[PDB]
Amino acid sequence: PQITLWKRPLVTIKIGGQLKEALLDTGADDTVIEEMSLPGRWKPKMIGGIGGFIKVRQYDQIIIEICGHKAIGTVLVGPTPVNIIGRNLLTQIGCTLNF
């Protein structure tokens, strides 16, 4: 698809069998999702945003479907205001910026 930016680029994602709404975010290096349970072990990570650096849980090799496209990669879980799909997964679905 071709997504214009007059409104937030929100899409449906599927993770752990659940449907959620997430923002396609080219300004985010990593994918960060609101609190949920994911399988396996997690590692600590700090992510810096507009208000500073914060603590999240890093889960690797997580299966996630984004707007019908299958991706498998790192998902960070923590107190984010919105679910964010970052560049680590946008590359997997072949997403580019065009003008």
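Position 1 is the first residue in the sequence shown; the rest follow in order. Between two forms, the rigid core is defined as the largest C-alpha subset superposing within 1.5 Å.
Between 47-55 and 34-42, greater CA displacement relative to the shown form is found for 47-55 when the structures in 4 other deposited structures of this protein are fitted on the core.
Across the two stretches, 50-58 and 33-41, the PDB entry reports the greater mean Cα temperature factor for 50-58. When the mean C-alpha temperature factors of 22-30 and 64-72 are read from the deposited coordinates, 64-72 comes out higher. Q2 sits in the highest third of its chain by CA B factor, as recorded in the PDB entry.
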